[PDB]
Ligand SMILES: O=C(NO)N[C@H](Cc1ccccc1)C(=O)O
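Below you'll find only one chain, the form deposited without the named molecule, shown as structure tokens.
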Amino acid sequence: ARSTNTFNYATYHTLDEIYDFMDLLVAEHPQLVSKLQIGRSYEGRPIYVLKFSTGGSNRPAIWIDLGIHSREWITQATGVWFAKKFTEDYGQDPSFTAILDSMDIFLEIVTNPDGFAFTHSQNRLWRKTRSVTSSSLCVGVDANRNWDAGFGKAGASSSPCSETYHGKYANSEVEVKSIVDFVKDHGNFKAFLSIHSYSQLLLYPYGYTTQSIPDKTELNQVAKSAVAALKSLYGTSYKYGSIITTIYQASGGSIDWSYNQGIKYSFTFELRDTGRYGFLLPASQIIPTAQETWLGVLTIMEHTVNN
């Protein structure tokens, strides 16, 4: 509450708490972090990304987004813990220090703020945005099916009332377009990771097409290494592979889009658990989850700096 050191990372928080946390962090490490506003949600809430950088101009960057599906609380929670961790580990962990001395990291903790607020206010299991319209009383779009990557193809629904509704057109949701314009405008992203829950999977493209990506052998080996690291702390077992062979066909996904933009290291994580608690993972699992996920992400970042 008064400092990032007194914030309670072992519990779930509301939107205002997370937004205040951002300002506290910026206030404590002004030389390392900054808060940028890249848009406003459908209901007018600011959409914030924290930029972590030791300098330079347009250094190659890493994008990390959490919370695009609002009910996946473990992700925003992990997001806050990563933010703090970056500031703690810089100058202490040689590997992480190396990364930040040459690359910037952009972290979007609450990608879909309107749905997150709704999960606190009215329906804890809501996952879509809260955009509305005309030919329906149904609200919202599955923001992870609204990207311009196989948009509208099989693996998304065209019914507005569906939980997997893709939206009227690619990028119709301001929460997605805001990320699209910012990444396009920056043009120097090297890695793009989107964090979700649950299932314990580490996936790479594609989900909209059976076509294999050209960098399959490399991403697969990176995935295997990342999974090996993450398991190292608590024994948590992940499976990895391309989206479509691992799960099923899914269209309009963020990582299919990022990869098609030339961002080679595009991965999606589906965090704990495997169904015992599902979306309502206990607060007592937050820190362990965060800690082990960090080892998996740090592994991908290292490969990134080096390649």
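Numbers for residues come from their place in the sequence shown, where the first is 1.
What comes next is about the form deposited with the named molecule bound, which is not displayed.
Problem set entry | The single option of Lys190, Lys84, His196, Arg130 touching the named molecule in the entry with it bound, heavy atom within 4.5 Å | Filtering the options by heavy-atom distance leaves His196.
For this session: Identify which of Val26, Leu280, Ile247, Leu36 has a heavy atom within 4.5 Å of the named molecule in the entry with it bound; exactly one of them does.
Result: That would be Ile247.
Exercise. Any of the heavy atoms of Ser41 lying within 4.5 Å of the named molecule in the entry with it bound?
Worked result: Flag for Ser41 set to no.
Exercise. Should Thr268 be counted as a contact of the named molecule in the entry with it bound, where contact means heavy atoms within 4.5 Å?
Worked result: Heavy-atom contact with the named molecule at 4.5 Å: present for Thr268.
Problem set entry | 4.5 angstroms heavy atom contact with the named molecule in the entry with it bound for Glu108 | Answer no; every heavy atom of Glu108 is more than 4.5 Å from the named molecule in the entry with it bound.
For this session: Please check if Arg272 has a heavy atom lying within 4.5 Å of any heavy atom of the named molecule in the entry with it bound.
Result: Residue-level check for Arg272: no, no contact with the named molecule.
For this session: Within 4.5 Å of the named molecule in the entry with it bound, counting heavy atoms only, one of 140-148, 176-184, 111-119, 93-101 shows up; tell me which.
Result: The contacting stretch is 140-148.
Problem set entry | All of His69, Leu203 and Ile243 within 4.5 Å of the named molecule in the entry with it bound, heavy atom check | Yes: each residue has a heavy atom within 4.5 Å of the partner.
For this session: At a 4.5 angstroms cut-off on non-hydrogen atoms, which residues of 31-61 are near the named molecule in the entry with it bound? List them in order.
Result: The stretch 31-61, when checked against the named molecule in the entry with it bound, contributes no residue at the 4.5 Å heavy-atom cut-off.
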